[PDB]
Every structure is written in structure tokens, then in C-alpha cells.
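Working notes, beginning with the structure itself.
So that the names make sense, note that chain A is the first sequence line, chain B the second, and so on, each numbered from 1. Computed over heavy atoms, backbone and side chain alike; hydrogens, waters and symmetry mates excluded.
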Amino acid sequence: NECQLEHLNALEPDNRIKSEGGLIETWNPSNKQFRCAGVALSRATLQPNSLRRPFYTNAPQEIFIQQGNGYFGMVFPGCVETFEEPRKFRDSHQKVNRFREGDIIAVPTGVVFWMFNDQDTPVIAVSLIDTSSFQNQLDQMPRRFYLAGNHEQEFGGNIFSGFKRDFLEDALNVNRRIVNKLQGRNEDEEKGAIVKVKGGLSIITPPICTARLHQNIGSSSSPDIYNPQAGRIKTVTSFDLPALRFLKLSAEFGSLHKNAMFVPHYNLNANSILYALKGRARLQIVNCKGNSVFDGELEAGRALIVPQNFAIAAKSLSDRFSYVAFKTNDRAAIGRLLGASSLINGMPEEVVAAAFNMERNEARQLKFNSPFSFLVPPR
Amino acid sequence: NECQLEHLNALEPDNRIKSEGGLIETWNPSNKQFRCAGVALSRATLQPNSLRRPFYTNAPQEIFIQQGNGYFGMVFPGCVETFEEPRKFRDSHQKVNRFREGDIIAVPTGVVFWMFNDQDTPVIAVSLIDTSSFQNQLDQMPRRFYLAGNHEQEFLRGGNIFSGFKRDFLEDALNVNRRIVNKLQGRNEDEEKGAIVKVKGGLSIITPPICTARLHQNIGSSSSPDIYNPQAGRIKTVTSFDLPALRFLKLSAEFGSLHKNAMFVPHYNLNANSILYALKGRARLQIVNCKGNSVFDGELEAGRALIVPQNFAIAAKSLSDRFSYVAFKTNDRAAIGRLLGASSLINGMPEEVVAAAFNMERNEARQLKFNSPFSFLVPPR
Amino acid sequence: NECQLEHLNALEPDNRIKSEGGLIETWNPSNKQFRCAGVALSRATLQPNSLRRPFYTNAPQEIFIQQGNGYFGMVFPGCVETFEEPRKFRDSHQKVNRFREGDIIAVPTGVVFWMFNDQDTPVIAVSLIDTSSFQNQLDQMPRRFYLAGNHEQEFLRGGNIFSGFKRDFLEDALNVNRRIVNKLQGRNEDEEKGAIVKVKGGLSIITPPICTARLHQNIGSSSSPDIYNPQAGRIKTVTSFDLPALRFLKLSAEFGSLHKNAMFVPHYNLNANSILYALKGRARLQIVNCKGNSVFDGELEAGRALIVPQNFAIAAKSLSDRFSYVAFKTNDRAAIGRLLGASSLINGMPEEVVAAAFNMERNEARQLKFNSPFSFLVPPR
């Protein structure tokens, strides 16, 4: 039973794939935590003027921009090129988008996606693949379908290299030399998924098909929950970003001040993949037997699964502990066990007293000694 | 293949957990019938002035009140305490509800639930847990997350949710002394107190002598039935057409009562597994699978459960003044196909199609359709 | 891992069951391709004046009429007989429909279905069963629940639904004599009469010279196509945008016809598995997986099936005057991604993104985009 987990560990990637233009790191999808969550996690690093070459995946994805700035393009079936430049055209393509640190990008199942770092700073993008989504009609192995290149799977060759050249020549009405490049015959195998682009790239961009697929949930955004002496929380859901209703995925960004806490809580209807972005915090996770299945530090760059209904609480050990939690539900609901208007505060006082064998005045203290809802300032 | 079932048996609970204030009985969730259905079944008995302590579950539930009366509270995230009494307050909590015999209660996934017996009569509550629901993102092992106490799981085949946290954390978060936190964690309790506890003086809560949406509906004898024949019996189903919460749970329930020697025509559920739990009396049931084989022919008596898999045909004859049952179904809009009777599936075929299919005379096909005028319930003789 | 397929094969039925009035052929549902797709496929042939006897299935189906004409009836629960004939009636039943070559018929889960060949030509019907549909709450073994006959399941890996019930029960419920119940149960019937039976005198049913919602649509040559090039071919898909019942089944179908030496560009299904069934002629198909490996390169000829897994790329070239096919898809709204062609996924990328990705000259990227002006179908040479 994949989720009878008695002990959890802060996880690092167990595989690194270097390409000429960057790095892709994958967490082992067969690790017990990721099989319980039913997802896969990867982290891509794009050096300046490097291009993540186009690929599509047989499952929905959420991509969080941990660092950097650049451009991405999602290329949809049944959509015309709405970006046009004269001279029959000098250039033509579907809408492209800027991304920045703190953006969540929703990639629907099967949609082609590419990404370009146009700046001097490396882009770091953490992507969550929901391999157990009911939109994945294959199997639980994460797959990438690359339209270009000649490299292996992240967890080889591109989609065109399996077709006959004479077929592609007739269908495209192009000579053999173009089809050989299309198929990536002459490509060094080490060029990889992220490639260098010497001169940089000129695309059409200013100094339904066009629906919004990204939203910033980082520090620059307006938070859902904020206490200037404890921290902040901001979730992107299908109430903010309608595409997520199709992906059945959401994400929560949070930042916790040193020695600040958020109360014990659990996700009613989702597994969470907690990925630390900055600093460290001591996390405590409790299962149905009331046993600690994790008590320890989660530090920047590592992932930790919080199974559905498992209770969790945290205390920051840094100036700012901040994280992104990917959740397997477009409308993940949080149940707070303690605090103002918490699940305990919603019970009649004499129900609390009898349940815990407490004095009436002790039940009231349990409810009302701390006035805070979710974030608790230090001490 | 979990549902290639050749033989079914009337099932009783195989485990009993006695607690201070009552009893909890569980059916084996690994039994072939319950794995085919993809559910778990339990029965809780609350003595007078006893409290089922708050817990949440990682799957949707339906609770049928077989017997008794009392109060229940569901505690939702993101909802304020709408019950308020002065003296900041003397008491404050979310809406509480009275329950009575015949009530179905819908408990959404992950929602905290507690129950209190307010009367001199024991409450008996039968709860169905849909462990194979898509809302259960864990596994098929039914789990209870208890907010209080220091006891084992109902389905261990322990401690409360707070006992896994460090005390210094809870003290800081709550701003309370160590003695309150030790009680919170259930340090003050023998493992035998259990899930249902006594409350000596009774209980005083705020109650008259979206967050507040209705989550229960009575489908018992006191309610108005959907189908009724005064010489055969009655049926009343609660669906998402009656109780919109059930649209989220993907669960429904059917209550039925059958007069002595009255029958149900053979019928099947198009789109659901049924967990048949007898409430009163007994009946002879016949269930047949796709091979045309009888996979069950025998008595179902009060207190026992029987799974009717999707599309399996079933028929019944009451052997008591009143045979009554509740059928939990794994679909908020479970549809029944009647194989025989007025406007049944056979009556919906052209007569000459019926004749050719069964190699019957024209007049024999008409008798098959129209000798009995009743739809679903058939009076004796 | 069910879909880690290193080679695909054009598949033929591996079992045939002859009956009095026709033939039923089944593809092995345990073949690795069908396990990856999560479906079962069968082909039924009805001789003139033959009747496919009523049955219901625990999963949604799409039926394509490869050949012939006749009548079908779907018999729904909770629906009255809207066809009536006087003289207290001479005949009465639920709505019946004519079907013809090119029709897709949607049979919802659990609904009774029968079919009758009314003509001098054999009817050939290819039916797809989505056993991995979440509406199938049993297991992935395809099941038929037959209301008549005394034969075995078509998928042997018997008796009708009434033969599992006790005779005395059916007599009481129906108020009919013992002779009629024995016919109902098929005790007298030879086991080889089977699922499709002859009807000697032909058949008279009520038909002209919600319950009545539309459940079939013609997607064949006689219909108006979605995509058409008079020197390449045509495509016509039925989705829930055309036939709302498919919204419930989560199934769709694509009909296509490809002229000799014409091609359709490499493409993939974003959100569905496809069961490609050739109807006429031959074509050379290429299917490549995520490693860029050819998992199929060969001919698909009329009468055979080929699974195209979700996201696997596929391309085709016709070797006949007309290659035509029907592709069943496990999504009511299957979306196609065209990798090459006008407004294809490559044409939707900036030219310098194409150039850098494939290390092409700027002018080579433009040729990749714009040398061929066609979207999906490519004429010869």
C-alpha cells in the first residue's frame, strides 16, 4: 500500500543530465513518497541564451520559476499564429509570454512547450508532473515527447526520427538535407534538451487559444494571508486561473519569518509536494496513528511529500523560510486543527472538554489563548 | 479480477472494539465482496450520554441512523462559528444538527465529524466508507484521523492527531501551559477509553429547545416514499436530486420496506455497486451474474450486509411482516433497470422482438408483459 | 507498465462464435495493445432477417455500422413506451431507430440494446467497449448480460439473466404459467442458437414507412466532412459537440478516407488512446514512441485493428484508391496535434526557435513551415 508511510525524508534529485546549455535534475519517481503522491518532480536550469527545446508530456504539469526571467511558448492544436511581422511574413508564430521569478505555469496534457532564457542570470524551473492524472491514459512512467534533438529521456531521439525520410520529404516537400536536420541525424548526442543559442534569439514580442496559463504567486504578488510578523501565503487555484480546472493542479507559495509558525493543518482533498525555495524550517508530519512520520529540517532545494489528511506544522529557522507546495487538486482545501475559527474552535466547548477530559476553563484557553488563525509570530 | 464473484454470503462484522461509551463493529474490508464494491462498512453503537469523539476520514461517507436520536456536528474549514451565546462568549461553535432514526448523513472527505447520543436509547449508526473514491488520494486502507483520545484505529488490519507533534511547539502555537497540551495529546488516557466516551452530566451545547448547507435527509418510514404500494411495500432513495452534497460524495442510499411474501421484480443497477444492509426482518434474495448463474440464493436477516455488484440482477421476497433495508450505492444518481413488470425493460421491447428472442408465441409474449400489472413491488399471490 | 510497447501489430480477431443468424468475432482483450488502450473490440455479422438478442454491458460502447442497414432499439429505465398501436394495444414499445452504413451508435453503460437486420445484405457492426471507463465499477473483463438465449458470453475468458432465478419465483412475480417461464429462462434452447438468431417470417415492429435523445450519427462518406481535400481525402469526427450522449460515455470516433498515395501529416492525440479499425483498402502506417523509435511500420488492411497510444505520433500513406477507417477514441473530445503542416505545432513556433532547435538555416526553417501549403491531408507527389 503505497501510502502506508511510516518515515519520510527530505529528498534530493538522484539523477543529473547535463546538456550544452543547462542542467536537468530529476527526483526518483519510484521513491515511496512520489508513488504515494502519484507525481514526478524535476528541476531544470537554463544558462543565459539557452533554449529548452520543445516537448510535450502525457500528463498535466505545473512549473514554478524559482529564479530568473525569460520567454516561454505553448503551442496549441487548432490555433492560428496571432503574432505576425511584415516582409509573406518575416516571422510568424503563436502567442509567446514573458515569465519571471514566482510564476506558476500550467502546461495542459499533450501541449507542446518551450522555454528560453534571454538574460544574464540562470533560470531555475521546478516542474511537477501528475503522472497519476486521469488525463494520463498511458502508464505511470513520466515521458517526454521531444520535437527536436537526439538525446535520451529525462527519467533516444526526437518524434520525427522514427518516421521514414522519404515520407517526411513528400509530406513537407523539402529536400533530404532539411529532413536530416529535422530528425537530428548529425546532432552530437551531448547537445541535449537545453541548447546554446549563440546570437541570442529574436522573436515577435513587444518592447480559447490565448487564455491565461500563468500567474505569479511569489513575494511580488498580493498574498491571500499575511501577518507582517509571521509571514504570508498565496495559493493559485482554478478560482484564480481557470486552466487549472482542467489540470486538477494548484500551487501554494508561502514565506515564514524566523521562529514564526503556522498551526497544525491538513489537506482535506490533495497530496502536497513541498519544495523549499529559501532557508530552512523544522517540519512535523503526523499520520493517522498519531505518529511522527517526519521531524527534521527541510532546506532550500529539497522536496517533501505531505500525504492527504496527514497533519503538518512548521517553524522557520531562517530570516525567511519560503516554499512552493504543488497540490494534486485545483481547489485544495486546508483544515486548520488549532487557532481562531479552527476545527477545534468550531466544536462546542463542552464537546472539547469531554473529548480531551479538560476543565471548562482549559477548553476555553485551548480555543482563545492564541488569537491567530494560521500564522503564529515567534514565541 | 476483484469482481469475478461466483458465490456471495451474508456478512457479519468480524471485529468488535468495546469503548467506555459504546461499541464499534467493522466488516472486513479485504473480504472479496467489499474489495469488489470498493468500500468499507462499520457499525457504531452509542450508549446514552456518550460521545463519538471528533475524527476525519480520507474518503466520503454515508451514515444511516438505524436507531436512536441525538446531535451531530460537522466542522468545516473556512467557516465561522454561527452559534453564539453571551457571557467573549460563554460558548461558540459551528452549526449542530439533530439526527433521528432513518437519517442519512453525508460526511465529505476530510471533514471533521462528531456525534452525541442525547437520549435514554442507544444510537446505532451504520457508516459506509468509499475507500475507492477518486477523492481518496491515499490507498484503500480505511483510516480515521482522531482529534482526541489515545486509542487504536477502527481498521487495524495509537494516538490522536496532536500526539505526533512536539509539546514545545504546541505550547508556543497555542500559548497554553504544559498541562493543557498533555490533555490535548491524550497523555491522561488509558488506551481502553476508546472512540466513544461517556459524558457523566450530559452535554450542554448551543441548540434550540456553503458552510450551513444541508447534509442529512430522512429516508425512513416517517418520510414520503418515492414508490409505494400499501400491500407490497415502499422505496425511498436519497440522491443528489434531493441532497446536493451527495453530488460531491458520489454516493446515494436507498431505503426499502417489503411486506410479508411481497416481492421485488428482478432488477439491476446500471451505474453503481450496492451495499445491502438489512435493518429489520429477513428476506430471500437471489443475485445472478453475467453467466446466468445464481451467485446468491438465501436469507438476508437484520444486521448483515450483502454486496450487489453493478449490473448483477437481483430479486427478493420478504419472509417477515416488514423486511426493511438500506442500500448504499457508489453513485450519487444510481439508476435501476427493472427486467420485468409494467414498462420494464422487457415491456419496452416490441412484442415480436420478445417472441423471437425467447421463441415464444405472440400470446405468450403478451402474458409475459401484461399478466402482472405492477411496476416494481409485487403483492403476495 | 502496460503501455511500454516496443512493437505494435495489425490485429485480427482471435475467437469466432457462430450462431444461427450470424457471427461474432472478438479481439483478445488481454493482448498487450488492448490492455494499454484499456478497451475491448468485437465484430458482429447479422445475416438477413436475423436478430441480435437484447443484452446490456457494464461499460460504455460505440458501435460502427461497417455494412448494411436495419433497426436497433435501446431500452432505457424510467422511460415509457412512446410507440403505440391500437387493437388493449396490438403492440407497444420504446422508440426504435433505423441504422445505416457509417452510423456510430452510443450505448450508455448498463442500457439494454438489441439490433435487427431488415435487408438482403449482411450487417457488419464493429463495437468498442471501454472497460477501463470509471463507469465500469466491476473489473476489466468485458461482460455481456444477456436477457435471452442459453449460450456463453462472447468473451470466453452459460445462460441468460433470468435462468439464474428460481422458476417458482418468476412464476409468482409474473403471474404466468410454467411453460412461459421455461422459455424465458431458455431451458429448452439448443446452446448453438447463440446471440444472433434467425427470424423466419421477418419481423413487424412499430416504425414509420431524456428518453428519446439522439444516440446515433452518421460519420461516413454520405455525411458532410469536417476536413476535405478532393485530391487527398476527408475526416469527420463525432464528439460531444455533435452528439451530447458522448459527454456521458467519454467516447468519440473519427472516420477518414485517404486517396491513393495521399498522406496525412504526422500527428498525435493529446488526450486519448485510439483504436484504429480499417474499413476499406490498405495503408502504410508509421507509429513512433517517446524514444523516437518506430513501434509500427507496416500495412493496415480492411478488417484489422491497430492501437495508437496517447501522444504516440502517427502518419499514414494510402496504398489503395480509397483507404478508409474508423478510429474509436477514449475521450468525448479527442484533440489532434499536427506536428507538420500549415498552422501545425512547428509552424506555431518562432522561426528562430525552429532554426536553433534543429540547427537549421533561417531559410531552411521557412521551407519546413511553408514549402507544403496543406494542413492535414497531403495529395500525392
Side-chain angles (χ1 to χ4, degrees), chain A residues 343-368, chain B residues 17-25 43-56 63-75 81-103 105 107 112-127 144 146-151 154 160 180 183-184 186 188-190 192-209 215-216 218:
Chain A
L343 301 166
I344 269 171
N345 289 40
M347 297 175 205
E349 291 185 1
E350 298 195 19
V351 163
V352 180
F356 301 102
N357 198 13
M358 287 180 181
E359 307 302 330
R360 184 58 174 267
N361 157 269
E362 294 181 309
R364 287 169 173 162
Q365 285 188 71
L366 185 66
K367 283 195 181 195
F368 301 120
Chain B
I17 304 192
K18 193 79 186 63
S19 60
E20 174 185 286
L23 180 69
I24 294 174
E25 309 166 75
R43 176 167 64 208
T45 306
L46 285 70
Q47 295 303 132
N49 287 327
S50 78
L51 170 70
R52 181 83 191 265
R53 293 197 279 195
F55 65 98
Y56 59 94
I63 305 171
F64 183 83
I65 305 304
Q66 177 180 324
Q67 172 184 296
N69 298 275
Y71 287 96
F72 74 86
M74 261 171 290
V75 197
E81 291 94 51
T82 56
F83 284 27
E84 273 175 356
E85 105 181 300
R87 194 186 93 209
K88 186 158 114 98
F89 298 122
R90 184 179 100 167
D91 195 7
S92 193
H93 51 85
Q94 283 185 34
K95 176 179 173 174
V96 300
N97 289 272
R98 166 79 76 182
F99 68 82
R100 61 186 174 97
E101 179 167 12
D103 282 345
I105 302 163
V107 186
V112 171
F113 174 85
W114 58 266
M115 180 187 299
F116 179 64
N117 183 1
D118 197 33
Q119 312 277 5
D120 55 337
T121 301
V123 168
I124 303 173
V126 183
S127 64
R144 309 293 206 186
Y146 283 101
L147 275 60
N150 183 32
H151 55 83
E154 301 178 17
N160 68 46
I180 296 172
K183 294 192 168 171
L184 184 68
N188 53 0
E189 175 173 307
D190 62 330
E192 290 187 19
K193 195 180 236 180
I196 307 165
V197 307
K198 287 169 174 294
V199 188
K200 192 186 288 154
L203 214 53
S204 289
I205 66 182
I206 304 172
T207 186
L215 297 168
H216 66 110
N218 197 280

Tell me, with the steps shown, if A:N345 and A:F368 meet side chain to side chain contact (heavy atoms under 4.5 Å, CB included). CA-CA 8 Å; A:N345 289 40; A:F368 301 120; 4.0 Å; yes

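- When all heavy atoms of B:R90 and A:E349 are compared, the closest pair comes out as O-OE1, 3.0 Å.
- Contact check for A:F356 versus A:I344: side-chain heavy atoms found under the 4.5 Å cut-off.
- The two residues B:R98 and B:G70 make their nearest non-hydrogen contact at CD-O, 3.1 Å.
- Looking at B:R53, its side chain does come within 3.5 Å of a backbone N or O of A:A355 through a donor-acceptor pair.
- To the nearest 0.5 Å, atom CG of residue B:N160 and atom CG of residue B:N150 are 7.5 Å apart.
- Side-chain contact check for A:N357 versus B:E189: every heavy-atom pair is 4.5 Å or farther apart.
- Listed by chain and residue number, nothing satisfies the salt bridge (charged side-chain N to carboxylate O under 4.0 Å, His left out) test with B:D91 (two or more places apart in sequence, or in another chain).
- Using a distance-only test at 3.5 Å, with no hydrogens or angles considered, no donor-acceptor pair links the side chain of B:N49 to the main chain of B:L203.
- Contact annotation: the side chain of B:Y56 never approaches that of B:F113 to less than 4.5 Å [non-hydrogen atoms, C-beta and beyond].
- We find that B:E20 and B:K198 are not joined by a salt bridge, their nearest charged nitrogen and carboxylate oxygen being 4.0 Å or further apart.
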Could you go step by step and tell me if B:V199 and B:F116 meet the side chain to side chain contact (heavy atoms under 4.5 Å, CB included) rule? CA-CA 9 Å; B:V199 188; B:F116 179 64; 4.2 Å; yes

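- Once rounded to the nearest 0.5 Å, the distance linking OG of B:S19 with CG of B:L46 reads 8.0 Å.
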Identify all side-chain donor-acceptor contacts of residues 118-127 of chain B below 3.5 Å with residues at least two apart in sequence or on another chain.
from: B:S127; atom 1: OG; to: B:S42; atom 2: OG; distance (Å): 2.6

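- B:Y71 approaches B:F99 most closely through the heavy-atom pair N-CE2, 3.3 Å.
- From B:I63, atom CD1 reaches atom CG of B:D103 across 11.0 Å, with rounding to the nearest 0.5 Å.
- Remark: B:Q47 CD to B:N117 CG distance equals 8.0 Å, nearest 0.5 Å.
- Between A:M347 and A:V351, the closest heavy-atom pair is CB-CG1, 4.2 Å.
- Looking at heavy atoms from C-beta onward, B:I65 lies in side-chain contact with B:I105 at the 4.5 angstrom threshold.
- In this structure, the ring of B:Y146 has its center less than 6.0 angstrom from the ring center of B:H151.
- A distance of 10.0 Å separates CD of B:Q94 from CZ of B:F83, quoted to the nearest 0.5 Å.
- The two residues A:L366 and A:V352 come nearest to each other via the heavy atoms CD2-CG1, 3.8 Å.
- When every heavy atom of A:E350 is checked against every heavy atom of A:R360, the shortest pair comes out as OE2-NH1, 3.0 Å.
- To the nearest 0.5 Å, atom NE2 of residue B:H216 and atom CZ of residue B:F64 are 14.0 Å apart.
- With contacts defined as side-chain heavy-atom distances shorter than 4.5 Å, the pair B:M74/B:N97 does not qualify.
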